[PDB]
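This document opens with one chain alone, in structure tokens, the form deposited in one PDB entry.
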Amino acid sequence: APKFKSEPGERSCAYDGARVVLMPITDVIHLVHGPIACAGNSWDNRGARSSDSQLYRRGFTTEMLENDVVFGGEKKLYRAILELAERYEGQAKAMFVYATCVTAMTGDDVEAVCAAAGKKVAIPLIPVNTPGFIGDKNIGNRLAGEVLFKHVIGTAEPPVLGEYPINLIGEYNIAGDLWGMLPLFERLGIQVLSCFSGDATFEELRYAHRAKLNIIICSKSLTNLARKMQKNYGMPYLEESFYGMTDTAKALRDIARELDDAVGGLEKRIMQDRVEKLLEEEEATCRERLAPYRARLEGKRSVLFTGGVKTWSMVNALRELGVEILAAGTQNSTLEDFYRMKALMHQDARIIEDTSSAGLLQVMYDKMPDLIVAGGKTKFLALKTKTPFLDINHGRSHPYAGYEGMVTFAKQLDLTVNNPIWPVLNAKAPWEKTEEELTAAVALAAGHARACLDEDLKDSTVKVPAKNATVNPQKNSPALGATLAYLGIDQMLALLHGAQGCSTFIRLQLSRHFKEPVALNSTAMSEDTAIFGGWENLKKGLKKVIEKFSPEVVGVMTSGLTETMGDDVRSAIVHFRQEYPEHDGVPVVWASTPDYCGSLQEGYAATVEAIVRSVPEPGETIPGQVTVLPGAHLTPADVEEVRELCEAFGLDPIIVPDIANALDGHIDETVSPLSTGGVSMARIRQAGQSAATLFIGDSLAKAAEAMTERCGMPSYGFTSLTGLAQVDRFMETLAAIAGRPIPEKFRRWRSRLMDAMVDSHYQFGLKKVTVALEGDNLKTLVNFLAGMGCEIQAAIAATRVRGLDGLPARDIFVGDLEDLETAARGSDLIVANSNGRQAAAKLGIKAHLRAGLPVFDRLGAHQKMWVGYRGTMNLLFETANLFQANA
């Protein structure tokens, strides 16, 4: 129950009321006479929007200082008025001066200085004298209404006077609220002569005495203004609200009755007939539109802490949406509104009385509601409880009044309630779930390898591409992936058994992506060498490269033509080994990466498998050692923090190949032609004695099998390391392997990730997002985005991989970037490589997320970090920032 004095240790100052009633006026200068704390940290905070000069959104302050406090601040206000009038001529029609606590203490007379400066300026000055300490926000509202009636109403006559004029009193146009009801008011004939304190011109506001009916939306702020206008002008008021459908229907019907009283009689029911016609048509359409949302929003519990008239109206609206109220409490409302809400408040719903944070926490922990529709104060206090929240206040950024506003309200309610993140957040944490679920998750991770391998390519509802001319191919050569994995080995250069031209566009692409040199030497093959036998060139190139650069190991990969005429690299390898025994000490790893076999991902997987099957040998079972085979999707930073996470549990990680140290970008003391930085051959040889194997890519599964049978280690697989659900499984596997509990830093990062998820899920709801990436880095991004609310319009894959059908999206198919812009229609986010920028230019989608390879137009792509809890937080924040910027 409202109890309008106060006890020390909630209601703001009277300046807050003055600004909440006067700031929404657009083309005026709101000069605040006082120190910083009054206007320094409060300007541009009001949720009022406008389609006008937008002069109100900028804040004006006199900047009360040291000397002028003990001398006087009237002269500073004089200069401020004069300068603001002179400089902002043509953009300001009036200006409001607000008295503050310090101004009142100093004895500054706002009225006197305003009268003194009035004669010297052509812009009217309104002396709002509302010191902050004189009361709560209600005193400020009343004083603002007083000054509005005294100095604004009754000064100019309207140029056009519609035969049915009404005044909107108490509506402040928060996030387009006014623009939802305005299309209804002029459609049926009424003219909004003056909408008070919202999207309102000052001259437009001075027309309010020539109307015939007043509509009071917020009773709390401007009821005294309505009463005084009734007393002085014979203007009947009407207390209604526009939040809902039945409430708006009743409001419009009452408006029609009171309009038909004042102009003509109730007989010749001119207004009522059109009001009923519009009501019937628009209500039928709105119900048809709202039906799909109610089914998903039926039976959910609700608790509301809303101050003003919304408390009465929203309870109706929620009740017609298909939800019931468990608790309802208001701090900022009239006693009549409280009693009316209590009348609406059904039994078994208890009215809150403690409006403080402690009382709110009590009622939230007691009622245990699903959704809480409350104010800005209880905004983050309810998110910490991990329950859906909807904000209906100045900070709200959506229109909720009117029929279209009600549709938007239901959309936002479904956005915040049915988000797929709430069950994940409410799930039991790794540090407290009992041991049987830990073993089940560990066994699931262990068997993920065979689950991925067993899935057949034939039974796949995603379609085999059947395009002849593909334009803008997002695929890359598998030789690119072979070179990528070869660069991850310390002191080694890659020998491309190709045609000397494939060396270009492979070295060049990697150089433009990672911004680092690539060696990538090639054995030149001309037309003469293509005919007869092509394995002379392999021996010649091996001899030349060993005699020139002296590598300790050589990686040989095949190109398209070398598979077209089908020379076996291994026979040339054994021949070269036999002819020159002096080169026995330098091993060679050969991997078949034909160009019809797929894209960078398969090439990477195949060369990793070739490395695994050849170099390491089975020995002892030294515990505390784990072997990680990173996928092609992980950037060097991801591999570096995979190493960091492995070291956190005390385990010794061996990463094969080590992209994190070679292609990350490092200025060593001396530049060498070979690729240095990766894992040495001793480490890759001793990696076969590890106690466990982890692979962070689906395509790596086969490689894991290649080490399961050769040495005997158990394998563990994770298709992604993002989304707080896969990172948890990674933590479980790491804890099981190491045998020690998760460190505290990971618990802290999980808490931070939860806080990021709760504070950012509003921008990830029902956003149409398209993704066009490789076989991997597409599952990760799709599962992360679809796991946060966004529905994937199209998940376009570079090549066919196992488990593509399980992705949550409308359609999955394999296609180029042409499929991307022919399928990204009506989408706001594109997740594709940099080369897809053209598609954005064709569709006007300004939100492009650079993922995968290649990314050349954005620097730091190789350092892009999206692994673990911290990487998940970084990706979430980047995507949320893109959503905020593009809209």
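The first residue of the sequence shown is number 1, and the count goes up from there. The term rigid core refers to the maximal set of C-alpha atoms that superpose within 1.5 Å between the two forms.
- According to the entry, the deposited sequence has no residues without coordinates between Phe883 and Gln884, so the chain runs continuously there.
In what follows, reference is made to the form deposited in another entry, a form of this protein that is not presented.
- Annotation: the position in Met368, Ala443, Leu766, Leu457 displaced by at least 2 Å at CA between the shown form and the other one, with the core superposed, corresponds to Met368.
- Shown in the overlay between the shown form and the other one, fitted on the rigid core, is a CA shift at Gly723 smaller than 2 Å.
- When two forms of a protein are overlaid on their rigid core, residues whose CA moves 2 Å or more are considered shifted, and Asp199 is not one of them between the shown form and the other one.
- Comparing the forms between the shown form and the other one, the C-alpha position of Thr733 differs by less than 2 angstroms, with the core used for superposition.
- The Cα-Cα distance between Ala725 and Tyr365 is shortened by 3 Å or more in the other form relative to the form shown here.
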